[PDB]
């Protein structure tokens, strides 16, 4: 019914250049790979996330999937505990989510 998630943002400014996009996507994809191979996601957020909750491991707590931005909710369809989703692009950059738990 509800999911517990954490988030990481690899930032991009408005109207980013190709060089900026390629760098951010590369870093985001590498973080996804690390997270899918056992790296502590909260510590990856502490080290790399630009979002305001980075120091708290990007924790989002528990919630209902459809209340999140559609780009997140859609990507979380049928996701299982431990899944890493992303990179997901939006105007602010590349997003990565970890499904910490489900209940």
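Positions refer to the first chain, counted from 1.
*Asks:* Would you determine, from the values in the PDB entry, which of 85 to 93 and 11 to 19 has the greater average C-alpha temperature factor?
*Replies:* Per the PDB entry, the higher value belongs to 11 to 19.
*Asks:* Do the CA atoms of 65 to 73 or those of 30 to 38 have the higher mean B-factor in the entry?
*Replies:* Taking the mean C-alpha B-factor of 65 to 73 and of 30 to 38, the larger value falls to 65 to 73.
*Asks:* Please rank the C-alpha B-factors of the chain's modelled residues and tell me whether residue 6 sits in the lowest, middle or highest third.
*Replies:* According to the entry, residue 6 has a C-alpha B-factor in the chain's lowest third.
*Asks:* When the modelled residues of the chain are sorted by Cα temperature factor, does residue 44 land in the lowest, middle or highest third?
*Replies:* As the PDB entry reports it, the C-alpha B-factor of residue 44 lands in the lowest third of its chain.
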